[PDB]
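**Q** Experimental coordinates follow, after the sequence.
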Amino acid sequence: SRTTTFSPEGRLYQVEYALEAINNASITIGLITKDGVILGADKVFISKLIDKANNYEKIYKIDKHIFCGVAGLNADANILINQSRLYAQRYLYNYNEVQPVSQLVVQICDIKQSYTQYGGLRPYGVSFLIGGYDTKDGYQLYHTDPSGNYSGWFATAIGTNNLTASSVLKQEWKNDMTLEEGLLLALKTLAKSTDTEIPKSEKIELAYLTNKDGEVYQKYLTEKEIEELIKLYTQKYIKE
Amino acid sequence: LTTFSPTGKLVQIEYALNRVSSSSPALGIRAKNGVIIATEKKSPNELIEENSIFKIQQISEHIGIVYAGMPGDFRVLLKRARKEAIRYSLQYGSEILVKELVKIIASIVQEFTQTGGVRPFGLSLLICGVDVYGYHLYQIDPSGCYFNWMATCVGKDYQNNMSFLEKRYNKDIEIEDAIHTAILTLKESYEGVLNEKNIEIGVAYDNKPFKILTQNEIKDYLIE
Amino acid sequence: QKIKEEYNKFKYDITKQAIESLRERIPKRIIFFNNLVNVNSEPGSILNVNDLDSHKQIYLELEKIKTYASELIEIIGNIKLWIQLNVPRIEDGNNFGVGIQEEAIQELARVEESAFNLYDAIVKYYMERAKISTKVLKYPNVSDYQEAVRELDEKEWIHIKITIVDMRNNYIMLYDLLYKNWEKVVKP
Amino acid sequence: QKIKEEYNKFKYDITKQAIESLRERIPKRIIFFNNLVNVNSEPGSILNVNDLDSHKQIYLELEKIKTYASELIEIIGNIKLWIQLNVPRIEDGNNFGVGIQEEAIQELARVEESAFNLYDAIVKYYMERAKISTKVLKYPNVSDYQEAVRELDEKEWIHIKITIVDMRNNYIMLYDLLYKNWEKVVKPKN
Amino acid sequence: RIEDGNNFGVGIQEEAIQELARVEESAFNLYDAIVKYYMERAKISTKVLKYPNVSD
Amino acid sequence: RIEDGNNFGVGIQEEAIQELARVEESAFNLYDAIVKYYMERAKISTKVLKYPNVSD
Amino acid sequence: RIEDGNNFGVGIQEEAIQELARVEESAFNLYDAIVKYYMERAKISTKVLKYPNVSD
Amino acid sequence: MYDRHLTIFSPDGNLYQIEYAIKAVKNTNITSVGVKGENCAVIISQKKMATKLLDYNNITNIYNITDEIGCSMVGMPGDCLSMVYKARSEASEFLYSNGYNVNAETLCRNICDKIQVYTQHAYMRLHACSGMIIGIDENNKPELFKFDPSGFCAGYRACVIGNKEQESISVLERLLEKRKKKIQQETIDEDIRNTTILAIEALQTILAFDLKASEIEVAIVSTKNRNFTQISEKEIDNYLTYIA
Amino acid sequence: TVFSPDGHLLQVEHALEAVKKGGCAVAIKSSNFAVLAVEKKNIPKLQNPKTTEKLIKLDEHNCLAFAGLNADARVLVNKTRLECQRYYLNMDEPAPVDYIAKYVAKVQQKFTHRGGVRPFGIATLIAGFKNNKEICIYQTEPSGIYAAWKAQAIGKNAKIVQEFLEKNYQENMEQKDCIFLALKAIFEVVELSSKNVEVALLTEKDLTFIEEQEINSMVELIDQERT
């Protein structure tokens, strides 16, 4: 019913449905490696006639070093990203320095809190794995919520089939994970979660940071992903 | 006011999608030398004219747009589409890009969904045109999201018309070949055989201004 | 996996039967029963007792009733099951069409139940007529028991014919309902 | 192609019969039943026993009731079917006109069920009177059984006349109801 | 455990039980109906021996 | 104690009371149902002695 | 006296009388039920005296 | 249900408060038909109470928005007068903000735009009115524009608004057929005598009325006049006798 | 937020039940210091920091340990630190705990009274300093009331842990004696592992934490105490 009302147990009405609305969207992934934080998400398709890899709606860009893998309602996604870039740039205008990701999620989650508390407006059914690199604590990877309780992570699989892909990362994630070993791992957990053994490559897309003193932030194309998927065929991970 | 559902979706948004599935069918196809957009000007009688009822409109010199929903909501999202195509052309030099126009109109449709007291927009747009990076043909879903479509349909019976395009559209198709497959997909689903100067087609026509095809020009393609 | 093949064949054969019944089987029976009780008849010419001669005449008419009742139950039962198989996954909201489907199933269930109850009711006729007739032999001067036999046949004769009219009315109401609401019945 | 013609012909045959019944058959019966139970009669002059002499006299009167009941079901049945066949596709909202149609069907089924029940009620008359009469034959000196027969006959005599009143008021209420609500019965959504 | 809100799924569970209880009660009722067949037929058949000319 | 508000738990309690009372009534009726079995069975058995050729 | 609003306490009174009447109604029906005990056993016992070999 | 409010869609995807508002116009039994010929366009009223001693010269259904753009708002008697002022204060706001006089198509598209903003917000209710904006533009080409309580800047060559729009399309079609197929190239701007007769014959064919003299008042916006002149009574009674 | 026929509230009585479904936090006063202790549970092999949810600083001489909605605490704390420094700019003195506790309790009270505003579903307990060198562990509520306790606990099962503090709370304990008192309250938290408690010793206007190896030497004494 109303959003600014409680329930006798203490939880909220609209937030519990909005947290369930993101459970129907496609899965995303997150991975902090020793070279850079990488992401990935299953590009959910409606038909074989949308487009190429020149425009995908799962991994966006916040600034030259911060990027988030959105998951949930694609409508409320672009309104938060148009409100996230304005916060990552206002810190650059007010302090002449990049904004650390630990200080960007607080400015993003506080706008979700303002919609679930006063106003009588529907909450944002969107959660994203925003990750970036900083000079304070290295590569960070945060995970938002439709309520606002952000939390640091190492690997998360929000969207649909969370418990299946999150269980894979619990048993196959070392501490000194490199970029290649993290790419093939992220390519595997993004496949096993979709109940399919092989990726069609006209599906899932990845991105990574790899700090080389300038935050290159290189994304992936449909052709560059083919040679990477071939490396997954020569290997054979324990979990499919 | 639109509110969330216990199954994890929007109820009021889902009813808006049921409105675009009951209006005049539209059709957008992207070719290798421009884009084309079609519609179905269902003539109710011989009282209305052709110079006023338009399912094809312009935003700038290279931006086309069609509707698939409420007829009364034509002139309201078009008024803000032109103003954002003008405001961008004031603060910046050249015209407005299609990706910068869709990401602005989608922020207007989405704002009219979360704000209380308002009704979601009952239409599905198809913004097409020439961009400096090539050709684009977007679609604005009433929920506020968008897709970077290559060839689609949005009006009534958008399920069978969508399947009639996947089996009749390659990656490399010229404008004159795409026009023949455009009228072919309309007649394959439109009732009756009265398809005679009742289709308004726009065309980008390989880096040239938007030229709406006249009645004496569409008959040249319909006979083929 | 073997059953999965066998199962898909089952869903296809039903769908054929459903379309066949609406385009041919149901309209044909409408015309059939109409030729027996024409709507253009003057009042009192259908529900009368002029053509009424154990009652050997009544046995054959109920046998025809049972045929008409049989054809209704067989056709509707598969149509009802088919609509049930067309009910979508339960979701909150945008399920106005399932309400139409439920109303259709409700009406379909009403007519089948109506025809099903005819079988017990026909038994009641023979039971009641036999019971009264026994009483006439024990009490031969109470004339009303003999009059009771006469009226029972007259009631049953009327009841048989109103059922035939009800046959006609049920067939058209089912045909008219699905035809008008066809789009919401197939794709909810 | 024959079925396509025959179905529309059937709808045509109904529509004619429905209008014909409402414009001619029903008003004619109003005057008919009124001549049997005149509205200008003083109270008690209808439901009386002044003209009361098996009861051969009641039999002819019972036969007329069955005729009236048959003709009512036939006339009302087609009117009921006509409104149902004229009910539009089920939609959410703007179905105020179906409510008028539904109200007519609810009332039509009520009158039809009442008239249908006369056939069962007449059997009950003969069954109850026969049952009581057997007891009179077995116990000829217990006098209360003869008064019970008399009152049963008295009950059936008034009910026959009340049935005629039920005929008359239902027939006029139907013509009056359809006349007042005619626009919503034919075009519920225009 | 019964809780307030987010309990659309228990309604689904209950709906399944409703159809299951309906079919089970119907099948359970088949056993009494079989007794009714033989009981009614035995009483009527007895009447034919007592009243052999009433053909009904 | 009956109070206004915060009595969601009595609703929880009512579900427990409803189910507990339902099971007891079902089991309690078995005592009456078994007596009914013997009464009908004895009556029919008497009829078999009286009417030995009605096979039903 | 019946008034509009602020009658939550009257609701407690109404709910209590219903429960109080329930216990009274429950105990009151025992007098009729005991007569039923004698009535059912007496009818069956008559059949036992008339038909001493039907063991049910 | 889903009909007590205005900003809520029905489960089948259809707005009903808008649909009920169009039924309000088709309930006030006022029919106003207008036709447009060559450089001449007229509009006919009906002069009846929107439902003794009333001055029948004041009750009307024709209001002028400006000196060269007239209209005829039918519907509720309280919403039609307000829509004229929401147009009178709009076209007068155009000349001050744009110098040149407003066109008939810009006025109708601005009236339908203001009507649409009341559809999305649940603030006010819909104006139960429907008018035919008439007038000519700078290019000496007459126009016509009919708008229902929803957004409609359709525009017609001959239209009829009121409680007869369900089947009054065939009558206006047959009458326009009798003039297009019987076109006369000897047109010397005498259309004020030809097109006006075609319009009065249209309303007399729709409504079978014998002497509609004092209950019919028309207006002509043809060229060489350009002032939305309401035709007098003597000319109306003179035009009513040419049907013989 | 509309009154009920008996006189009680609805959202204020509902939001007070939301803090019951939260992690346990406990603050214990002493003579010249106040050791805090908050028990939180995370997911192993992931979630790198402790997230620094509780034991938030507010000034140089303040310490707040929330309980309740983990997402709603940042808004109340960021609206507290904004007034913790606005006071310093308008009174040239560090914000005493008497003014902060009167402010945090005013923010929650200002929301249950407004029209169309969901009340805060958190209940924090502030443990700072007064004007002089006095420590007063305050404790807010979602209703707006507050009281200066001497030992308090909130969150999941805040009654039996509050009952244990009443059993052995002396007047002025020592440093290790006051930590062992709060660290004896791990009976409420399952498995009593060191990865669940996170104590913080606020002392002599200089807030400091306690390393993970020190709590191990103190939690191991509970194993010999649980027999």
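**A** Good, I have the coordinates. Numbering: from 1, shown residues only, chains lettered A, B, ... in the order given.

**Q** what does chain B put close to chain C?
**A** B:5, B:6, B:7, B:9, B:11, B:14, B:15, B:18 (CB under 8 Å from any CB of the partner chain). C-beta: built from backbone N, CA, C; applies to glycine.

**Q** Okay, the last one and residue I:121: tell me how far apart.
**A** Just to be clear, that refers to residue B:18. 37 Å (CB to CB, to the nearest Å).

**Q** again with the fifth one
**A** With distances defined as CB to CB, the gap from residue B:11 to residue I:121 amounts to 26 Å.

**Q** Helices of chain B, residue ranges please.
**A** B:11-17, B:74-91, B:98-109, B:111-114, B:160-166, B:175-187, B:215-222 (DSSP state H).

**Q** Packed most tightly, which of the ones you listed would that be?
**A** Among the helices of chain B, ranked by average contacts under mean count of other CB atoms under 10 Å in any protein chain shown, first place goes to helix B:11-17 (a mean of 22).

**Q** which residues sit against that one?
**A** The contact list for helix B:11-17 (CB atoms under 8 Å, 6 or more residues apart in numbering or on different chains) reads B:1-3, B:5, B:69, B:113, B:119-122, B:141-143, C:92-94, H:8-13.

**Q** So which of those sit within strands?
**A** Taking DSSP state E, every one of the contacts of helix B:11-17 sits outside strands.

**Q** Near chain B, which residues of chain A? Just list them.
**A** So chain A meets chain B at A:1, A:3, A:14, A:17-18, A:20-24, A:46-51, A:54-55, A:57, A:73-79, A:82, A:115, A:119-123, A:125 (CB under 8 Å from any CB).

**Q** In helices, which of those residues fall?
**A** A:14, A:17-18, A:20-21, A:74-79, A:82, A:115.

**Q** What backbone torsions are found at the residue of chain A found nearest chain I?
**A** Using CB to the nearest CB, residue A:10 is the residue of chain A that sits closest to chain I, at 3.0 Å. Note on residue A:10: backbone dihedrals following degrees, to the nearest 10 are phi 120, psi -20.

**Q** That one against residue I:72, yeah?
**A** No: between residue A:10 and residue I:72 there is no contact under CB atoms under 8 Å: 11.6 Å.

**Q** hey, what's in contact with both of these two?
**A** residue I:121.

**Q** okay, the two: which has more neighbours?
**A** residue I:72 (24 against 19; other CB atoms under 10 Å in any protein chain shown).

**Q** Could I get the contacting residues of residue A:141?
**A** A:30, A:31, A:32, A:37, A:129, A:130, A:131, A:152, A:153, A:154, A:156.

**Q** Quick one: neighbours of the residue of chain I at minimum distance from chain D, just the number.
**A** Of all residues in chain I, residue I:116 sits closest to chain D, at 29.6 Å by CB to the nearest CB. For residue I:116, the neighbour count with other CB under 10 Å is 10.

**Q** mind checking how far residue A:34 is from residue A:166?
**A** Taken as CB to CB, the span from residue A:34 to residue A:166 is 21 Å.

**Q** likewise residue A:146?
**A** Counting by CB to CB, the gap from residue A:146 to residue A:166 is 18 Å.

**Q** count of neighbours near residue 208?
**A** Just going to use chain A. 23.

**Q** right idea, wrong chain: chain I
**A** With other CB under 10 Å as criterion, residue I:208 counts 9.

**Q** nearest residue to it other than its sequence neighbours?
**A** The shortest distance from residue I:208 to any non-neighbouring residue, by CB to CB, 6 or more residues apart in numbering or on different chains, is to residue I:201 (5.8 Å).

**Q** Okay, and the beta partners of the one you found?
**A** Residue I:201 forms beta bridges with residue I:35, residue I:208, as assigned by DSSP bridges.

**Q** And the strands in chain H?
**A** Under DSSP E, chain H gives strands at H:32-36, H:41-44, H:63-64, H:69-71, H:73-75, H:129-136, H:142-147, H:158-161, H:218-220, H:229-230.

**Q** residue furthest from the geometric center of chain C?
**A** residue C:141 (41.3 Å; CA atoms, centre = their mean).

**Q** Could you check how far residue I:56 is from chain F?
**A** As judged by CB to the nearest CB, to the nearest Å, residue I:56 and chain F stand 31 Å apart.

**Q** now do residue B:180
**A** 67 Å.

**Q** Spit out the contact partners of that residue.
**A** B:221, B:224.

**Q** Spatially nearest residue to whichever residue of chain I sits closest to chain H, not counting backbone neighbours?
**A** Proximity of chain I to chain H (CB to the nearest CB) peaks at residue I:116, 16.7 Å away. Once flanking residues are discounted, residue I:116 sits nearest to residue A:120: 5.7 Å by CB to CB, 6+ apart.

**Q** quick revisit: counting neighbours, which of the contacts of helix B:11-17 end up buried?
**A** B:1-3, B:5, B:69, B:113, B:119-122, B:141-143, C:93-94, H:8-13 (16 or more other CB atoms under 10 Å in any protein chain shown).

**Q** For residue 196, give me phi and psi.
**A** I'll assume chain A. The phi/psi pair for residue A:196 (degrees, to the nearest 10) is phi -140, psi 140.

**Q** and it, how many neighbours?
**A** 13.

**Q** Residue C:72 reaches residue C:111, doesn't it?
**A** Yes: Residue C:72 lies in contact with residue C:111 (CB under 8 Å); the separation is 7.0 Å.

**Q** Quick check: neighbours shared by these two?
**A** With CB under 8 Å, 6+ apart, residue C:72 and residue C:111 have common neighbours residue C:170.

**Q** Show me what from chain B comes close to chain A.
**A** B:1-10, B:99, B:103, B:106-107, B:110-111, B:113-116, B:141, B:143-145, B:147-152, B:162, B:165-166, B:169.

**Q** so what's the residue of chain H found nearest chain C up against?
**A** Closest approach between chain H and chain C, counting by CB to the nearest CB: residue H:11, at 3.7 Å. Applying CB under 8 Å, 6+ apart to residue H:11 gives the contacts B:15, B:18, C:93, C:94, C:95, C:96, D:92, H:2.

**Q** ok, the third one to chain G distance?
**A** In other words, residue C:93. Remark: distance between residue C:93 and chain G (CB to the nearest CB) = 35 Å.

**Q** how about the nearest residue to that residue, chain neighbours excluded?
**A** residue B:11 (3.8 Å).

**Q** Can you give me the neighbour number for residue C:11?
**A** Counted with other CB under 10 Å, residues neighbouring residue C:11 total 10.
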